[PDB]
Amino acid sequence: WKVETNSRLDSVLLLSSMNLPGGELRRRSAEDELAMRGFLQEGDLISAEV
RNA sequence: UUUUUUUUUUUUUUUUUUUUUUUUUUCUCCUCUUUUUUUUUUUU
């Protein structure tokens, strides 16, 4: 994703670092990549750490 | 007669655009004197 945080550039939120739905150890593969662009859609608000 | 362990050079690229020299001011302004105006003519 690309996040705007009033900086000189854009900030990148990698898919590898995200608490995906389920919130536990089940699996992480390319099947999630199709629905990753579904829940964190355009114009949402997050609160993360650099 | 002095062993064992302490990772490293950001990820990304396959974006659209249908105009045209210049460009924008300055006011009214007393002309002195022999004249009517000479004139054909010929040699270029």
# chains A, B, ... in the order shown; residues from 1 in each chain; ligands from 1
>>> closest_atom_pairs(of="chain B", to="chain A", cutoff="12 Å", atoms="only C-alpha atoms (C1' of nucleotides)", output="JSON lines")
{"residue": "B:10", "atom": "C1'", "partner": "A:12", "partner_atom": "CA", "distance": 10.8}
{"residue": "B:11", "atom": "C1'", "partner": "A:14", "partner_atom": "CA", "distance": 8.8}
{"residue": "B:12", "atom": "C1'", "partner": "A:12", "partner_atom": "CA", "distance": 10.5}
>>> write_last_selection(atoms="N, CA and C atoms (P, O5', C5', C4', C3', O3' and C1' of nucleotides)", output="PDB file, in the first residue's frame")
ATOM      1  P     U B  10      20.009  -3.077   0.578  1.00  0.00           P
ATOM      2  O5'   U B  10      18.916  -2.431   1.540  1.00  0.00           O
ATOM      3  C5'   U B  10      18.380  -1.144   1.269  1.00  0.00           C
ATOM      4  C4'   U B  10      16.918  -1.206   0.905  1.00  0.00           C
ATOM      5  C3'   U B  10      16.572  -1.976  -0.361  1.00  0.00           C
ATOM      6  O3'   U B  10      16.524  -3.378  -0.161  1.00  0.00           O
ATOM      7  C1'   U B  10      15.392   0.083  -0.315  1.00  0.00           C
ATOM      8  P     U B  11      16.450  -4.376  -1.419  1.00  0.00           P
ATOM      9  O5'   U B  11      14.889  -4.513  -1.715  1.00  0.00           O
ATOM     10  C5'   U B  11      14.368  -4.309  -3.020  1.00  0.00           C
ATOM     11  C4'   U B  11      12.862  -4.387  -3.029  1.00  0.00           C
ATOM     12  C3'   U B  11      12.171  -3.894  -4.292  1.00  0.00           C
ATOM     13  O3'   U B  11      12.161  -4.852  -5.335  1.00  0.00           O
ATOM     14  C1'   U B  11      11.090  -2.988  -2.392  1.00  0.00           C
ATOM     15  P     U B  12      12.626  -4.433  -6.814  1.00  0.00           P
ATOM     16  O5'   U B  12      11.404  -3.575  -7.370  1.00  0.00           O
ATOM     17  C5'   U B  12      10.147  -4.180  -7.646  1.00  0.00           C
ATOM     18  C4'   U B  12       9.109  -3.147  -8.007  1.00  0.00           C
ATOM     19  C3'   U B  12       9.471  -2.197  -9.140  1.00  0.00           C
ATOM     20  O3'   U B  12       9.245  -2.740 -10.429  1.00  0.00           O
ATOM     21  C1'   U B  12       8.635  -0.955  -7.314  1.00  0.00           C
TER      22        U B  12
END
>>> select_by_dssp(residues="chain A", states="strand (DSSP E or B)", output="PyMOL selection string")
chain A and resi 2-3+11-12
>>> write_last_selection(atoms="C-alpha atoms", output="JSON list (two decimals), in the first residue's frame")
[["chain", "number", "residue", "atom", "x", "y", "z"],
["A", 2, "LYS", "CA", 0.94, 3.67, -0.23],
["A", 3, "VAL", "CA", 0.24, 5.90, 2.77],
["A", 11, "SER", "CA", 5.22, 5.71, 2.96],
["A", 12, "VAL", "CA", 5.02, 2.00, 2.13]]
>>> select_by_dssp(residues="chain A", states="helix (DSSP H, G or I)", output="list in words")
residues 31, 32, 33, 34, 35, 36, 37, 38 and 39 of chain A
>>> decode(residues="segment 1-25 of chain A", atoms="N, CA and C atoms", output="PDB file, in the first residue's frame")
ATOM      1  N   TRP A   1       0.843  -1.185   0.000  1.00  0.00           N
ATOM      2  CA  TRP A   1       0.000   0.000   0.000  1.00  0.00           C
ATOM      3  C   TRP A   1       0.882   1.241   0.000  1.00  0.00           C
ATOM      4  N   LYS A   2       0.271   2.381  -0.307  1.00  0.00           N
ATOM      5  CA  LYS A   2       0.941   3.671  -0.229  1.00  0.00           C
ATOM      6  C   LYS A   2       0.160   4.579   0.707  1.00  0.00           C
ATOM      7  N   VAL A   3       0.856   5.139   1.693  1.00  0.00           N
ATOM      8  CA  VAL A   3       0.241   5.903   2.769  1.00  0.00           C
ATOM      9  C   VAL A   3       0.817   7.311   2.767  1.00  0.00           C
ATOM     10  N   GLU A   4      -0.058   8.297   2.943  1.00  0.00           N
ATOM     11  CA  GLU A   4       0.320   9.705   2.976  1.00  0.00           C
ATOM     12  C   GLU A   4       0.369  10.168   4.428  1.00  0.00           C
ATOM     13  N   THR A   5       1.534  10.653   4.863  1.00  0.00           N
ATOM     14  CA  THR A   5       1.740  11.019   6.261  1.00  0.00           C
ATOM     15  C   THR A   5       2.438  12.368   6.391  1.00  0.00           C
ATOM     16  N   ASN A   6       2.139  13.297   5.481  1.00  0.00           N
ATOM     17  CA  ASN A   6       2.728  14.638   5.482  1.00  0.00           C
ATOM     18  C   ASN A   6       4.254  14.584   5.523  1.00  0.00           C
ATOM     19  N   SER A   7       4.829  13.800   4.618  1.00  0.00           N
ATOM     20  CA  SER A   7       6.273  13.706   4.477  1.00  0.00           C
ATOM     21  C   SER A   7       6.673  14.114   3.065  1.00  0.00           C
ATOM     22  N   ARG A   8       7.985  14.178   2.834  1.00  0.00           N
ATOM     23  CA  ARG A   8       8.490  14.566   1.523  1.00  0.00           C
ATOM     24  C   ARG A   8       8.222  13.517   0.455  1.00  0.00           C
ATOM     25  N   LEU A   9       7.829  12.307   0.844  1.00  0.00           N
ATOM     26  CA  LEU A   9       7.530  11.236  -0.094  1.00  0.00           C
ATOM     27  C   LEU A   9       6.321  10.473   0.435  1.00  0.00           C
ATOM     28  N   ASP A  10       6.050   9.323  -0.169  1.00  0.00           N
ATOM     29  CA  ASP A  10       5.018   8.417   0.309  1.00  0.00           C
ATOM     30  C   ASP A  10       5.633   7.326   1.175  1.00  0.00           C
ATOM     31  N   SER A  11       4.800   6.746   2.031  1.00  0.00           N
ATOM     32  CA  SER A  11       5.222   5.707   2.957  1.00  0.00           C
ATOM     33  C   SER A  11       4.601   4.383   2.541  1.00  0.00           C
ATOM     34  N   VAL A  12       5.377   3.311   2.664  1.00  0.00           N
ATOM     35  CA  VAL A  12       5.016   2.003   2.133  1.00  0.00           C
ATOM     36  C   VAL A  12       4.683   1.083   3.296  1.00  0.00           C
ATOM     37  N   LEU A  13       3.505   0.468   3.239  1.00  0.00           N
ATOM     38  CA  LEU A  13       3.083  -0.547   4.197  1.00  0.00           C
ATOM     39  C   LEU A  13       3.141  -1.892   3.485  1.00  0.00           C
ATOM     40  N   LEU A  14       4.156  -2.686   3.808  1.00  0.00           N
ATOM     41  CA  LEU A  14       4.343  -3.970   3.149  1.00  0.00           C
ATOM     42  C   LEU A  14       3.303  -4.981   3.614  1.00  0.00           C
ATOM     43  N   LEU A  15       2.881  -5.845   2.687  1.00  0.00           N
ATOM     44  CA  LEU A  15       1.942  -6.906   3.027  1.00  0.00           C
ATOM     45  C   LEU A  15       2.536  -7.877   4.040  1.00  0.00           C
ATOM     46  N   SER A  16       3.862  -8.041   4.033  1.00  0.00           N
ATOM     47  CA  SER A  16       4.506  -8.951   4.974  1.00  0.00           C
ATOM     48  C   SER A  16       4.301  -8.514   6.421  1.00  0.00           C
ATOM     49  N   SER A  17       4.071  -7.227   6.657  1.00  0.00           N
ATOM     50  CA  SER A  17       3.870  -6.693   8.003  1.00  0.00           C
ATOM     51  C   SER A  17       2.436  -6.176   8.084  1.00  0.00           C
ATOM     52  N   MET A  18       1.514  -7.067   8.453  1.00  0.00           N
ATOM     53  CA  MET A  18       0.115  -6.703   8.635  1.00  0.00           C
ATOM     54  C   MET A  18      -0.633  -7.798   9.385  1.00  0.00           C
ATOM     55  N   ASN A  19      -1.390  -7.431  10.417  1.00  0.00           N
ATOM     56  CA  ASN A  19      -2.200  -8.409  11.143  1.00  0.00           C
ATOM     57  C   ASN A  19      -3.417  -8.708  10.280  1.00  0.00           C
ATOM     58  N   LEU A  20      -3.300  -9.751   9.462  1.00  0.00           N
ATOM     59  CA  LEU A  20      -4.374 -10.142   8.572  1.00  0.00           C
ATOM     60  C   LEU A  20      -5.550 -10.698   9.371  1.00  0.00           C
ATOM     61  N   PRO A  21      -6.750 -10.697   8.788  1.00  0.00           N
ATOM     62  CA  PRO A  21      -7.908 -11.258   9.495  1.00  0.00           C
ATOM     63  C   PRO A  21      -7.678 -12.709   9.897  1.00  0.00           C
ATOM     64  N   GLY A  22      -8.110 -13.040  11.110  1.00  0.00           N
ATOM     65  CA  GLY A  22      -7.845 -14.338  11.697  1.00  0.00           C
ATOM     66  C   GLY A  22      -6.994 -14.215  12.943  1.00  0.00           C
ATOM     67  N   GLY A  23      -6.018 -13.315  12.887  1.00  0.00           N
ATOM     68  CA  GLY A  23      -5.225 -12.938  14.047  1.00  0.00           C
ATOM     69  C   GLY A  23      -4.508 -14.081  14.733  1.00  0.00           C
ATOM     70  N   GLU A  24      -3.976 -15.026  13.964  1.00  0.00           N
ATOM     71  CA  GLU A  24      -3.236 -16.148  14.529  1.00  0.00           C
ATOM     72  C   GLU A  24      -2.455 -16.829  13.413  1.00  0.00           C
ATOM     73  N   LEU A  25      -1.800 -17.933  13.764  1.00  0.00           N
ATOM     74  CA  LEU A  25      -0.945 -18.676  12.840  1.00  0.00           C
ATOM     75  C   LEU A  25      -1.783 -19.719  12.111  1.00  0.00           C
TER      76      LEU A  25
END
